[PDB]
Amino acid sequence: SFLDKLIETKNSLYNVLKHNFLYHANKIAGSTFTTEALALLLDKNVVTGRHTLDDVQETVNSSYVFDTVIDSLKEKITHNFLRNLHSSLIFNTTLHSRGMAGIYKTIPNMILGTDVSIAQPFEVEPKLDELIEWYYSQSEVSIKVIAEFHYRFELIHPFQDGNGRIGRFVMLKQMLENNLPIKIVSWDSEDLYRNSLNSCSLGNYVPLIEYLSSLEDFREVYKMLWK
Amino acid sequence: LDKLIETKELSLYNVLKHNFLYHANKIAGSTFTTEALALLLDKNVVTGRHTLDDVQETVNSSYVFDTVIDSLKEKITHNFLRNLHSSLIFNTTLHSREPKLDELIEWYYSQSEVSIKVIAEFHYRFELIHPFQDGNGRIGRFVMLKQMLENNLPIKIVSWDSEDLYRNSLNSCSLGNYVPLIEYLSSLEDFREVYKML
Ligand SMILES: Nc1ncnc2c1ncn2[C@@H]1O[C@H](COP(=O)(O)OP(=O)(O)OP(=O)(O)O)[C@@H](O)[C@H]1O
Ligand SMILES: [Mg+2]
Numbered sequence: 004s005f006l007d008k009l010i011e012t013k017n018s019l020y021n022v023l024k025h026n027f028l029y030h031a032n033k034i035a036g037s038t039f040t041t042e043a044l045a046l047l048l049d050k051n052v053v054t055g056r057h058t059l060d061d062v063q064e065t066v067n068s069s070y071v072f073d074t075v076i077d078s079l080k081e082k083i084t085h086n087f088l089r090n091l092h093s094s095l096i097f098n099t100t101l102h103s104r105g106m107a108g109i110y111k112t113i114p115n116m117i118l119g120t121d122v123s124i125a126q127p128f129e130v131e132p133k134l135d136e137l138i139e140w141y142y143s144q145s146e147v148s149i150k151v152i153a154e155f156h157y158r159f160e161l162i163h164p165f166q167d168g169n170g171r172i173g174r175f176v177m178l179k180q181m182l183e184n185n186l187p188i189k190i191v192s193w194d195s196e197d198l199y200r201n202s203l204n205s206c207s208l209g210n211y212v213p214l215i216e217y218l219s220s221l222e223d224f225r226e227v228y229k230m231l232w233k
Numbered sequence: 006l007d008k009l010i011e012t013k014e015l018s019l020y021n022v023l024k025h026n027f028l029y030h031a032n033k034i035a036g037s038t039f040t041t042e043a044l045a046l047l048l049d050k051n052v053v054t055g056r057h058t059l060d061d062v063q064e065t066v067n068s069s070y071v072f073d074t075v076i077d078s079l080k081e082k083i084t085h086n087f088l089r090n091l092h093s094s095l096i097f098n099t100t101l102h103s104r131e132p133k134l135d136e137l138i139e140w141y142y143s144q145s146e147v148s149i150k151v152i153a154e155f156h157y158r159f160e161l162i163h164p165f166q167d168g169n170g171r172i173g174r175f176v177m178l179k180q181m182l183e184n185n186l187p188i189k190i191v192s193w194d195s196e197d198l199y200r201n202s203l204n205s206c207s208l209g210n211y212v213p214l215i216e217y218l219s220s221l222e223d224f225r226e227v228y229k230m231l
C-alpha cells in the first residue's frame, strides 16, 4: 500500500524519497550540492553554491532519471532500459561528447580504492545477460538477491562513468517493485558502503547485506506520511 | 582583427568574449557577476545564485559567441540566424514552444560602404522585425558586433550601464529615422582603444 500512496503524490512522500535518495546517491558520486541546495534546485530550479557544470547538469538529470525509474516500475530491466537511464543521466555533459551516451564501455575502466578485476568491454553484454537472466530466475526477490545483483553489476561496470548511480537507481527500483524494505545507500565520512563493497567478492555478498541491513527502512522512518 | 582571430584557441579574444557576453547577457537578465562569468568561461564552474535557464543560456551564449567569431566575413543568412537562435535557447524552458528579414539582409549587403549608420539602421530594423520570440535582442547584438568586426569599425559594446539610454534611443527611433541610435552608439567608447595595449 506504500507504493500506491507514493504514486498519488507524484511537500510529499514522493519528494522526500526523491530528495533523500538523490542527495545521497549524487554525493557518493561526487556532487557538491548540499541538502538545502538540492531542495532549492528540485523545487524552484535555482542553483546555489559552487559546482562544476557537469555536477549541475547531472544533478538535474538525476531528477529526470528518478522520475523515469518510478514511472517504469514493474517493467523489465533490459539492456536498452539501462542504456536509456545512462543516456538521461549524462545528457548534456562533458561525456555526452564523445558519444558515450548511452553506450557500454569500449575501453577498459576501473574502480579506484581497489585493484579488483573489472569486466573487460567485450564481456559486458554477455555477463549482463547472464545477470539479468539470473535475476528474473529467482523465485523470490530479497535484499540478498538485490545485494548480489548490485555487487555483480558494479563488478561488470558496464558504462565508462555513472555506474554507481545507475546501479543504485536499479537497486531502488528492485526494492520498490518487490515491496521490500527501502534501504537508501547513504553518504558518510567513513565510506561504509564502499568498504562493504570491497569486503565482498563473487560468491560472498554478506558485507553488503549487513550494510544494507544496517540502514534504516525509509518506509518506516516516514510512516507518518503514508500509514 | 588578425590578433583577435589567432588568440582564439588561447588574450584579446577572451577579454572581448568576457566583456561582450557580460553586458549582453546582463541586459538579457543574467545575474552572473563579472567574476562569476569569468569563472564559468575559464574553469566551467558555476557559482552564485542563478536560475537553471540563466546558467544554460550563459553557457549557450559562450558557444554562440564562438560561432559568431567563426563566421566572420561570411554572409549573414536566415539559417545562420536560426542556428544562432537554436544554439542560444538550447536546453531551456523556452525550448518546448521572413520577407522583411530577406529584404533587410539584401539591403545590408547592397551597400558599397558599411557605416555605423548602416549598422544602426540594420539593428533597429532587425529589432522592429523581431524574427524570434526570444533571444532577439542578444542575436541582434551578436550580429551588430559581427558587422563591426567585419568592417574594421570601432567595436562598441552596448553596455548595461548605458540603459536606459540605449532603450530610449531605440524608442526615439522610427523607420527612416535612426539618429537617436547613431548618437547613442557614438556616445559609447571604442573597445579597441581601451584594450589597445593587448
Ligand atoms: N570495492 C568496490 N567493489 C565493488 N564496487 C565498488 C567498489 N568500490 C566502489 N564500487 C562501486 O563503483 C562505483 C564507482 O563510482 P565512484 O563512487 O568510484 O565515483 P563516480 O565514478 O564519480 O560515481 P558514478 O559511477 O556514479 O559516476 C561506486 O559507486 C561503487 O558502487
Ligand atoms: Mg563518475
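Sequences listed follow chains A and C, in order. Heads up: the first sequence is residues 4 to 13, 17 to 233, going by the deposited numbering. Heads up: the second sequence is residues 6 to 15, 18 to 104, 131 to 231, going by the deposited numbering. In this text, a Cβ means the ideal position worked out from N, Cα and C, and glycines have one as well.
- Relative to ligand 2, A:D167 has its C-beta within less than 6 Å of a heavy atom.
- Counting of Cβ neighbours within 10 angstroms places A:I10 among the exposed residues, the total staying below 16.
- With 16 or more neighbouring CB atoms inside 10 Å of its own CB, A:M106 falls in the buried class.
- For the pair A:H85 and A:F97, the Cα-to-Cα distance works out to about 18 Å.
- Counting along the chain, no alpha helix (DSSP H) covers C:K80, and no H or E run does either.
- By the Cβ test, the region 183-193 of chain A is not in contact with the region 19-27 of chain C, since fewer than three Cβ pairs between them sit closer than 8 Å.
- Residues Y29 of the same chain have their beta carbon placed closer than 6 Å to that of C:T41, with the five preceding and five following residues left out of the count.
- In this structure, the beta-carbon distance from C:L134 to C:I162 falls below 7 Å.
- For the set A:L231, A:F224 and A:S207, the Cα lying nearest the Cα of A:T120 is the one of A:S207.
- Interface with chain A (7 Å Cβ-Cβ cutoff): C:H163 is excluded.
- Taking 7 Å as the threshold, the shortest C-beta distance from A:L59 to chain C falls below it.
- In its chain, beyond the 5 residues on either side, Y211, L214, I215 and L218 have a beta carbon closer than 7 Å to the beta carbon of C:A153.
- Within chain A, the residues whose beta carbon sits less than 9 Å from that of C:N51 are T58, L59, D60 and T100, listed in sequence order.
- Contacts between A:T54 and chain C, judged by CB atoms closer than 7 Å, involve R56 in chain order.
- In summary, the residues of the region 65-88 of chain C whose CB is separated from some CB of chain A by less than 8 Å are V66, in the order they occur in the chain.
- In terms of side-chain proximity, the C-beta atom of A:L101 is found no nearer than 6 Å to any non-hydrogen atom of ligand 1.
- Closer than 6 Å to some heavy atom of ligand 1: that describes the Cβ of A:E160.
- Distance between C:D197 and C:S93, taken at the CA atoms: about 28 Å.
- Boundaries of the alpha helix (DSSP H) around A:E183: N169 to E183.
- Straight across, the Cα-Cα distance linking C:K150 with C:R200 is about 17 Å.
- Across the structure, C:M230 and A:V53 are spaced so that their CA atoms are roughly 37 Å apart.
- Residue environment analysis places C:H57 among the buried positions, since at least 16 neighbouring C-beta atoms fall within 10 angstroms of its C-beta.
- Cβ-Cβ distances below 6 Å link A:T112 to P127 in the same chain, with the five nearest sequence neighbours on each side left out; the list follows chain order.
- Here A:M116 is exposed: its Cβ has fewer than 16 other Cβ atoms, across all protein chains shown, within 10 Å.
- Of all C-beta pairs linking the region 67-84 of chain C to the region 60-77 of chain A, fewer than three are shorter than 8 Å, placing the two stretches out of contact.
- Per DSSP, the continuous alpha helix (DSSP H) segment holding A:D135 begins and ends at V130 to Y141.
- Residue pairing for A:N210: DSSP places it in a beta bridge opposite A:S207.
- By alpha-carbon distance to A:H156, the top candidate from A:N185, A:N17, A:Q166 and A:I138 is A:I138.
- Straight through space, the alpha carbons of A:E81 and A:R225 are spaced by roughly 22 Å.
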